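Trainee: I would like to see how this sequence folds:
(4 chains, ligands or ions: 14)
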Amino acid sequence: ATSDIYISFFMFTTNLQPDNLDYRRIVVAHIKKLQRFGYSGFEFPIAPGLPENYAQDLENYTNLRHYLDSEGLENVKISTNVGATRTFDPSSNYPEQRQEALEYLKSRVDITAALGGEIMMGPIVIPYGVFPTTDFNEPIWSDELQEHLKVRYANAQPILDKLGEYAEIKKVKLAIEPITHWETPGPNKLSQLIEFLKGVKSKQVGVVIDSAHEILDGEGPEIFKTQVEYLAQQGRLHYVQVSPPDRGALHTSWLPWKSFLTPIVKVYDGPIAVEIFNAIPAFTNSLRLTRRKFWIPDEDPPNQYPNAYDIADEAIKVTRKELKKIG
Amino acid sequence: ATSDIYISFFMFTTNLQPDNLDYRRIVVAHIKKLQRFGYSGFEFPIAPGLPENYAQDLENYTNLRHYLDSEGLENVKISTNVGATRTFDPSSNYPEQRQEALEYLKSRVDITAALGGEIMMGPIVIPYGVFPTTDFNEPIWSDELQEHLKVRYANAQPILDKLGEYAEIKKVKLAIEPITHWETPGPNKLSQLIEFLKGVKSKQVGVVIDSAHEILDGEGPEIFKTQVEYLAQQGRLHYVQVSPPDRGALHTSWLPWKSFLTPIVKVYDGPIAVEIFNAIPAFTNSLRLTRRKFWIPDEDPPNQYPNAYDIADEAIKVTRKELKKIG
Amino acid sequence: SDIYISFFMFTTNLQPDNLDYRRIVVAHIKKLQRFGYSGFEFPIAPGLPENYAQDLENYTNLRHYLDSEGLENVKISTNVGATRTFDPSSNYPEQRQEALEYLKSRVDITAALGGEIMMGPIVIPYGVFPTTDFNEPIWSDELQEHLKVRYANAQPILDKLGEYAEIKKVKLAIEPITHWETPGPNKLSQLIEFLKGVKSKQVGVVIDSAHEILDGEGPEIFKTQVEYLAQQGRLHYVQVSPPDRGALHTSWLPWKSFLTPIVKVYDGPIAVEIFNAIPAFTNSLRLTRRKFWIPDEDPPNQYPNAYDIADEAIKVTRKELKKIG
Amino acid sequence: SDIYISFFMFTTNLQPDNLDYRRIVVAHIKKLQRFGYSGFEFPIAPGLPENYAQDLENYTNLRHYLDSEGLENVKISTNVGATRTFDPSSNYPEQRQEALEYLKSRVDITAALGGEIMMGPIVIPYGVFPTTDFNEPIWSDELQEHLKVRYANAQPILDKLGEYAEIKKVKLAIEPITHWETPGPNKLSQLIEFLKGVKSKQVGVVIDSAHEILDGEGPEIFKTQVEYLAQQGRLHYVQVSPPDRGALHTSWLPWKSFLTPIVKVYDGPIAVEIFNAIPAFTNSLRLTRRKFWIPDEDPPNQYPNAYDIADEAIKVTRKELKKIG
Ligand SMILES: [Cl-]
Ligand SMILES: [Cl-]
Ligand SMILES: [Cl-]
Ligand SMILES: [Cl-]
Ligand SMILES: [Cl-]
Ligand SMILES: [Cl-]
Ligand SMILES: [Cl-]
Ligand SMILES: [Cl-]
Ligand SMILES: [Cl-]
Ligand SMILES: [Cl-]
Ligand SMILES: [Zn+2]
Ligand SMILES: [Zn+2]
Ligand SMILES: [Zn+2]
Ligand SMILES: [Zn+2]
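Mentor: Residues are numbered from 1 along each chain as shown, chains lettered A, B, ... in the order given. Ligands and ions are numbered 1, 2, ... in the order given. See the structure here:
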């Protein structure tokens, strides 16, 4: 059987605005267009909010799921992208901060489930893009950063274990993401995340392997193959993302399709998500995007360059072509 | 005949301090150690200085070459790494700024020659790491950045042509480097540099292809092969650098050796440089280096992790292994 | 004595081409006139160099709209600043020439609004603290050495601007601004030294009380500086502003010591300059204070509104001036 | 009246364990004593929480070295600040407890130096302007709302510190600091409001003239505030500093209006606080002014040296105090 191919909503946005009724229409029109190219599911980033609004968020996303269902999209699956934040930091040295971070992550597990989702992924250990500094604002890197991170990882392990026990009841697999040093202080490599997981009893807490992050920071195809086989053995290879090194066009890139996908397809039968970060205001600065935007039909004025749908269609075509070569 | 393998001094420093007599001893001891691993040449970054000191710089680097010769290193070849700066910007809209940038680049061509070098490479078009901003300090990215860059490239083309005519007299090939969007606004891709070069008559002005930059921003092996063949046809493939995506250990990485080197070895017979950026103060922040430092014997205290020489030795071993596979 | 007020109570951009905003501008003027204000300081937002003729048309149309709304007698001064691009202190002649053309455009806009006084940081680009090529800051003695070259570069450009401004009947009032906002000129002593190399007396000084108090040399030295500027025919404008740039009626502005030497020699307008906590200034001026809420733009609250503060500003200014005369 | 001077003329770190630096410290004290200074304000550089006992030993050894060099009678006050980590205003109890332990350590260090006055920004972390999780700045009304929670968090911690400081005979003088340097408390009115929720009168105020002038409500309101603090037994310390933090003898410090209400109720030391253009302050205070060069550290030049400025500072302070009394 041919695998399910999903696409990330980072082609359009970092905020689903589940309460904005006019925006829901835009979400549904994108999904219907994308489905015609063969996409069977979508990754929804869950924008962070205030802790007093957890119940209201759950209600809004429940209403978004119901609206998608009422539009004929019952069979469409959703995965979520969720990140720890400077405030909602489970690796904090302060117990109350960690507990507040756990409640934040439990809320996001609830939203994932309300969307019918069975996969919640992202940088849920160390806050995304929050490179640590001294009290006098001096950066902390290399050896000093690695010593600092040991304490953060020790702080977070029991919190992630508790979140795993909770997510298991909810039937949501937790897929922690190794992300490149260019974007976040850690975990950057699959070796660093594997080391973190040794202190988390719950197998509900596993990994997402994203090809862009693996190529930018990983240890090569031989070591990678051993890590893939280990994760599948442990029952911790929860999700897989295909994304080029520049995070843009998937069909013109140095993504090592054969070397990356061959070991994964042997042991993983879940969905493969196309994760393309469009040059939208949320990413131009954080990802240093010098490339032109894949203009979004109806939002952006048309131009002579490829549009968001052009790129999405070529992305699924290349992914299927390359998957077919491995079979 | 087996190709010459060079290594970059970015393993140790961004400043050769040609006038510091005690530092020369350190430079020579590194070179002698590295030669034992099989390295036949070295890339020396040329740190920028004040325009009033051009003549003094030429004299100092001439004295450095003579000191290397007096230490038995006559046969050791040097290439240089040189970058345009915010001040010394040949893409400026202001004629005097461009002329002052040309004199800066001519000085660096002179230093290259005084070091016996026949290759000067680097980000010599747009100032390295100087992402443009509005007068009100707002960043400029994506489509807007690409429109901005057309004017900068038009400003720089006649200046680079004049520098090529000068370098040809000096017997120094100029190798402009496509560098990842993570580090600089442009040129990021080999397609962008090829477009720039269409407006430069002088073939003395060509390219360096660095595998780390090609993988991070390039268009994949099929388009890359066409670009390699085009450059060699034009007589503009002046230099080649092997560097992993994370810029660290060359032997444990996703560098696509076969796909990257196969088209190059067919048409290029120059030196292949190992370019490893050690986690030294000059790079920890600019390259966001979360990895531990390859400690430098005698400078840094020893530790249990790999040292600078360990990494250098493994780098040449892997490069030769992979080159042998292509033959 | 005519008392004016800055539009920095509301904005940094007069949006002269925006027909809806013109009504807002007129509304604010009519309200502030009832408090006794006889003129207004309009900041001139910078733009693209291809649009100078259109800018002139837009501001001319704004002046004519004010006139048609019964505001013929309302006077206008302008606030203009050099920018990183439009820098007359640049080492590069074409950059200085482009800076000169920008400032000449702004002189034409001032004149088109009936203005006789264009003021601001027109020598060194406002808030552009210089850095090395490696983005390291330059301060103190190293900065002062760096500024000698910048000042030398700008002197001839300001003189040419002066000659042009004299023709258009617009006085140029260069502003010493605190070190907290800009690298220089920060003190009246630095500006005086700069002006020694400028022939055109059309290029003078604006004295802002907030900047004088923050960086100045005290009341004894200040008196002597004020007397000197009047002898040089270079005291072109005066602004009253408290140290925190907010409420003028509850501040440490040294009214007596600041106004006494000035009122002996100066009979131009005195401008109230209050920087409200609007988005253009909250970060740049580090404003921890609550906004003086703008009626019909901001929702009301228990704290003072923009008009409350503006009314108290003119009342205290009048009171203190009366104590001197 | 005893006149003290801050070591911010030279440093932010007394390096008490550094035997070579101790000689430098003693050298500076002996030189400044000849001008009439009877005491010194020592900033206490923060460190790691595992080193509190060693810090206490180092500063105790420094005090004993001064004593052995004939400086038994030299008095010392300390300058201490909360930090992003050691924040008593944190929402997290363990963070507040760790902040409390840091401040208690610093009370022990003050006492070990013979100090009776520990002062500074010990409520909200100095210069740590709060941001959203996306690194967006928080200013004005939104910041003031944010500070209500921070202040509420800190009140009980400062009260416990007060109880501890009373035992050790060290008065705690919290400092209103300008909005240019820190998010709060910026004004004496904000600090007064904070102190309403603190039971311990050992926790009081330092009034710094530079901060009062930059952010304060003027001489009429200030008099009333000074009278109130004296009635509350909370005016623990006074510092004289010009607005630009440099030369005290050529500035807009309003000597009469600032000192008159204070001298009626306060008879503690008056500290000259000059922040020299040293690397610790050039960027943080945006110092465009030339350094007051430090003899034997900096090469000489034609401009005033650190001692020249310090001598003129005490002379003007004495002169102005004499004008009042
Ligand atoms: Cl906990
Ligand atoms: Cl806690
Ligand atoms: Cl966005
Ligand atoms: Cl030119
Ligand atoms: Cl020019
Ligand atoms: Cl370095
Ligand atoms: Cl010129
Ligand atoms: Cl605004
Ligand atoms: Cl507590
Ligand atoms: Cl210092
Ligand atoms: Zn991803
Ligand atoms: Zn390179
Ligand atoms: Zn002003
Ligand atoms: Zn102080």
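
Trainee: tally of neighbours for the spatially closest residue to residue A:315 that is not a sequence neighbour?
Mentor: With CB to CB, 6 or more residues apart in numbering or on different chains as the measure, residue A:250 is the residue that lies nearest to residue A:315, at 4.0 Å, once sequence neighbours are left out. The C-beta positions use only the backbone N, C-alpha and C, and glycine is treated the same way. Here the number of neighbours of residue A:250 (other CB atoms under 10 Å in any protein chain shown) works out to 24.

Trainee: so what's residue A:250 up against?
Mentor: Taking CB atoms under 8 Å, 6 or more residues apart in numbering or on different chains as the criterion, residue A:250 is in contact with A:242, A:243, A:244, A:274, A:276, A:311, A:314, A:315, A:318, A:319.

Trainee: cool, and residue A:14?
Mentor: With contacts defined as CB under 8 Å, 6+ apart, residue A:14 is in contact with A:45, A:47, A:280, A:282, A:283.

Trainee: still on that earlier bit, keep only those of the contacts of residue A:250 that are in helices.
Mentor: Counted as lying in helices by DSSP state H, out of these, are A:311, A:314, A:315, A:318, A:319.

Trainee: so how far is residue A:274 from the third one?
Mentor: Distance from residue A:315 to residue A:274, counting by CB to CB, to the nearest Å: 4 Å.

Trainee: on that earlier part again, okay, the residue nearest to residue A:315 and residue A:282: tell me how far apart.
Mentor: 20 Å.

Trainee: same check on residue A:146?
Mentor: Counting by CB to CB, the separation of residue A:146 from residue A:282 is 29 Å.

Trainee: on that earlier part again, can you pick out the most distant pair from the ones in helices among the contacts of residue A:250?
Mentor: Greatest spacing in the ones in helices among the contacts of residue A:250, by CB to CB: A:311 and A:319 (12.4 Å).

Trainee: neighbour count winner among these two?
Mentor: The residue with more neighbours, out of residue A:311 and residue A:319 and counting by other CB under 10 Å, is residue A:319; that gives 23 against 20.

Trainee: circling back: helix, strand, or coil at the residue nearest to residue A:315?
Mentor: Remark: residue A:250 carries the secondary structure label coil [criterion: DSSP: H, G, I helix; E, B strand; the rest coil].

Trainee: let me have the contacts of residue A:250 in JSON lines, extended by distance to residue B:326.
Mentor: Written out in JSON lines, the entries for those read as follows (distance: CB to CB, whole Å):
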{"residue": "A:242", "distance to residue B:326": "28"}
{"residue": "A:243", "distance to residue B:326": "29"}
{"residue": "A:244", "distance to residue B:326": "25"}
{"residue": "A:274", "distance to residue B:326": "33"}
{"residue": "A:276", "distance to residue B:326": "33"}
{"residue": "A:311", "distance to residue B:326": "34"}
{"residue": "A:314", "distance to residue B:326": "31"}
{"residue": "A:315", "distance to residue B:326": "31"}
{"residue": "A:318", "distance to residue B:326": "26"}
{"residue": "A:319", "distance to residue B:326": "29"}
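
Trainee: all strands for chain A, in order.
Mentor: Taking DSSP state E as the criterion, chain A contains strands spanning A:5-8, A:41-45, A:77-81, A:119-122, A:173-176, A:205-210, A:237-242, A:272-274.
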